[PDB]
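A.B. asks: whatever this is, show me its structure:
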Amino acid sequence: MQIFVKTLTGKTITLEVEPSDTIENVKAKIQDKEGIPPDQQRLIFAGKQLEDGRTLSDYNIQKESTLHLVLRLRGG
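C.D. replies: Residues are numbered from 1 along each chain as shown. Please find the structure below.
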């Protein structure tokens, strides 16, 4: 599967994750292809904070995922 992520610039970044991943590795997956650390990469899904040790089959998304990334105050 892939999902969107709104962040940075480049008409939304596309993000190859399956409906079985763990948010620990997804936060990784994104932060790694975004060339950024977890100390700024901030995983949300649908207005929910995530638990890292949680499976994608519970958080349950396809396309509508668009988990988006927010930073401010932290980082500098």
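
A.B. asks: quick one, strands of the protein?
C.D. replies: 3-5, 13-15, 44-45, 48-49 (DSSP state E).

A.B. asks: tell me the neighbouring strands of the third one, and mark each as parallel or antiparallel.
C.D. replies: Translated: strand 44-45. Here strand 44-45 is paired, per DSSP bridges, with strand 48-49 (antiparallel).

A.B. asks: likewise for the second one?
C.D. replies: Strand 13-15 pairs in its sheet with strand 3-5 (antiparallel), by DSSP bridges.

A.B. asks: so where do the helices sit in this protein?
C.D. replies: 23-33, 56-59 (DSSP state H).

A.B. asks: please list all residues in contact with residue 46.
C.D. replies: Counting by CB atoms under 8 Å, 6 or more residues apart in numbering, residue 46 touches 61, 67. No exception for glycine: its C-beta is placed from N, CA and C like everyone else's.

A.B. asks: whoops, I mixed them up, residue 42
C.D. replies: Neighbours of residue 42 in contact, by CB under 8 Å, 6+ apart: 69-71.
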